[PDB]
Every structure is written in structure tokens, then in C-alpha cells.
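1. Please work out how this folds:
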Amino acid sequence: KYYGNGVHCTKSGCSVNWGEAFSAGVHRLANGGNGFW
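-> Residues are numbered from 1 along each chain as shown. Take a look:
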């Protein structure tokens with residue numbers, strides 16, 4: 001499993017949640033302010 005432990009830190013996030021990675025992918029896009037639309 002990859003819900004904690006075994007994560008394999010990829011030099012850019014450890015825990016690496018897959019649902020939180022879509023929320024982190026989400027916010028990754030929305031880390032500008034007005035450059036999404």
C-alpha cells in the first residue's frame with residue numbers, strides 16, 4: 001500500500017496522498033491567483 005510508509009519520497013513530497021494529490025494538483029494550478037481561467 002501507499003497510504004503511508006513505503007511512500008518513496010520523490011524529492012517533492014513524501015506522504016503522497018492520491019486524493020490529496022488531485023487537491024494538490026488542483027491548488028498547484030491555483031497557486032497564482034488569477035491565472036487559471
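
2. Centre-most residue in the chain?
-> In the chain, the centroid-proximal residue (Cα atoms, centre = their mean) is residue 21; its distance is 3.2 Å.

3. quick one: which helix or strand includes it?
-> helix 19-29 (DSSP states H and E).

4. if I look at residue 20, how far off is residue 31?
-> 15 Å (Cβ to Cβ, to the nearest Å). For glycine as for every other residue, the C-beta is placed from the backbone atoms N, C-alpha and C.

5. ok, the two, which is more surrounded?
-> Set residue 20 next to residue 31 and count neighbours by other Cβ atoms under 10 Å: residue 20 wins out with 13 against 10.

6. Show the contacting residues for the more buried one.
-> With Cβ atoms under 8 Å, 6 or more residues apart in numbering as the criterion, no residue contacts residue 20.

7. again, but for residue 30
-> Residue 30 neighbours (Cβ under 8 Å, 6+ apart): residue 36.

8. Just give me how far stretch 11-19 sits from the chain centre.
-> Chain-centre distance of stretch 11-19: 6 Å, with Cα atoms, centre = their mean, to the nearest Å.

9. Tell me, how many residues neighbour residue 16?
-> Residue 16 has 17 nearby residues by other Cβ under 10 Å.

10. Also the one 3 residues further on?
-> With neighbours defined by other Cβ under 10 Å, the count for residue 19 comes to 7.

11. Could you measure from it over to residue 25?
-> As judged by Cβ to Cβ, residue 19 and residue 25 stand 10 Å apart.

12. for residue 1, same thing?
-> 21 Å.

13. which one of those two has more residues nearby?
-> Per other Cβ under 10 Å, whichever of residue 1 and residue 25 has more neighbours is residue 25, with 10 against 5.

14. Quick check: the more buried one vs residue 5, distance?
-> In terms of Cβ to Cβ, residue 25 sits 23 Å off from residue 5.

15. go on, residue 24?
-> The gap separating residue 24 from residue 5 is 19 Å, by Cβ to Cβ.
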